């Protein structure tokens, strides 16, 4: 590694040490030993530790703070990734390997809120990376364009419920983009954590969204991951939402080669998204449990759930609507991940009904 990058690394390490109230997993796990062990390393694509940690150095409010510029980085900088992955995912040892893909028995999934008084909408997403393309910080503009063509052409073959249209972000009207984001379908533009990871270069080239006309099946192209594959609808019918996601992911996988790792399962740009890559969520109102929000977050954590705002992570709740989802994605099957959301949300609703 070049001196300028080493210099920047020493200054970032210092900045993290000095930030007394920073609570990122980067600060917690980047010890002097770990840092010295990997700061002179570089991947075959030229990714350095600075590329890995810069977002967490610049955004001290990060919860995690690191990303992988390429797949190799997960091992080149293993002494930092491994403890962070073990911490975030609630246990994932050096000797552990993510299990084979296993959607489970869908008929064991239920309707999460039959009377309809708490849950607004239910969503399940996965992420996938295309074999032969590195993650965002290592992509060229031309590669973004190649990937967009490949994914949009593949999605032109979706049929029946999943048939839909690709809408590139380049050329999309501001009004349409804002409506799709306000309606919770399209990814936000301008995320500071992704920007400082150099994940948004050449924006909006190569970025876009595919969706069926009802907007119950969507695919994001070239946001944080090469693909995010999404099923969602109003209400609490997790069984329906999940079955549509399964159908779509199995069909897309038969067509496009995605990166999968013996230890980490499906590869993604952030270590929180490895393994199953799955985030199953509800938009839910729980006014009594959320009155003291520390009670909401504490309750959620005991069910291995995460609370996000209405417009996603790093946002506030609006009108009492919280996004609550499984936090863990690696070291448990797809079935186990969606069941952590189902089981936890059914109990939070029971607790809300029982609360004073």
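Numbering follows the first chain given and starts at 1.
Mean C-alpha B-factor is higher over 107-115 than over the other stretch, the pair under comparison being 107-115 and 238-246.
Comparing the deposited coordinates for 15-23 and 328-336, the stretch with the larger average C-alpha B-factor is 15-23. Highest CA B-factor among the listed residues (262, 253, 148, 182): 262. For residue 300, the recorded CA temperature factor ranks within the middle third of the chain's modelled residues. Remark: residue 223 belongs to the lowest third of its chain, ranked by C-alpha B-factor as recorded.
Residue 206: CA B factor lies in the middle third for its chain, per the PDB record. Looking at the C-alpha B-factors along this chain, the one for residue 310 belongs to the lowest third. Per-chain ranking of the deposited C-alpha B factor places residue 132 in the highest third.
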